[PDB]
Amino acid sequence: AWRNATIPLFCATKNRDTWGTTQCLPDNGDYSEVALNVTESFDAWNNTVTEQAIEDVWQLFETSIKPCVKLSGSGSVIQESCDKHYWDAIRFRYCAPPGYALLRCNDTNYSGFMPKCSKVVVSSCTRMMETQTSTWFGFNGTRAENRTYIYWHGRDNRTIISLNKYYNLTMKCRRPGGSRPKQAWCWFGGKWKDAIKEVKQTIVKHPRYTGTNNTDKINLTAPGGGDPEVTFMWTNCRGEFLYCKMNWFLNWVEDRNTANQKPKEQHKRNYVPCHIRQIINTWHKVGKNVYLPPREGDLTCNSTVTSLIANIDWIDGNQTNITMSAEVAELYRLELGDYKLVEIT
């Protein structure tokens, strides 16, 4: 017997354990779950498990790539020791403290908001979750399956879309070595054109979607302006923060008619130019961080592309925009949004 609960969870790792305020324990290796004969409500956003995950990823973010100067929007200028030694993005799992348990909605119908799940399973700890931080797309995620599915905010049109494992989507980024210390390429591999078609078909079928059913009027949409982490895709490779201009990729994946575009942006390519920045806007707190000049050598990173962060925007039945999002936190609501913490009592 139980009741919904809000209490700090304990984290568990396989290798390294300390970062900022966070300290994890060793992973026990048990990923088993037990089926229950009960109906429960689940919600990926109104969720202490994902709320805590967002905070710990933030703690990880500032200790894995060490900033030299922290500039808060308040006006404080804080200097710190910095070098080019960076921690790779880790995986960790959460574990319920004694007297508590973790429920999970084990249902393909789960879309991030489910007032009645009757395929509940219980366990003491969660799956391992990916902690990398990015905008537009999610990389190296743990939730990809042989299907496309959407976590759709129950009270908003915020979404995060899980891309189909079948299409083998990847991204290879490379900043070649020298003897261009601040500019690179990112190559998009896999069957991207079919994966996006399936995203749009999935949206059309969804009960929450009341927009056009003409998939030629459903379009991935770059934000018109704002911070660079919003107008460019934001990612990191070898401890360097990358900002990628995505016009050519959007032209290519949707096979757009580009005649109405400036000549430099008319190209349709599955690779995009990226540049390295030393000043970034922080994603969880208002501020700016300053980092050291980029390292030397050949920088290469190969990732799976597992999710697409977006708002589904329409005001009538004639056009729908899948507007690419810089809401980094949605990544972790996909990673653990099917869990609920309850007090065994």
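Residue numbers run from 1 along the displayed sequence.
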Exercise. Should the segment between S179 and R180 be described as having none, 1 to 3, 4 to 9, or 10 or more unmodelled residues of the deposited sequence?
Worked result: 4 to 9
Exercise. Mean C-alpha B-factor higher for 42-50, or for 26-34?
Worked result: 26-34
Exercise. Taking the recorded C-alpha temperature factors, which stretch has the higher mean, 8-16 or 323-331?
Worked result: 8-16
Seminar exercise, completed: Residue set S134, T210, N257, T170, per-entry CA B-factor max assigned to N257
Exercise. Looking at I315, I312, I279, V69, which has the highest CA B-factor as recorded?
Worked result: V69
Exercise. If you rank every modelled residue in this chain by C-alpha B factor, which third holds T63: lowest, middle or highest?
Worked result: highest
Seminar exercise, completed: For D107, the third of its chain by CA B-factor is the middle
Exercise. Hey, what third does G190 fall into on Cα B-factor, ranked over its chain?
Worked result: middle
Seminar exercise, completed: Chain-relative C-alpha B factor for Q79 (record values, thirds): the highest
For this session: Going by the recorded CA B-factors, say which third of the chain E240 sits in, lowest, middle or highest.
Result: middle
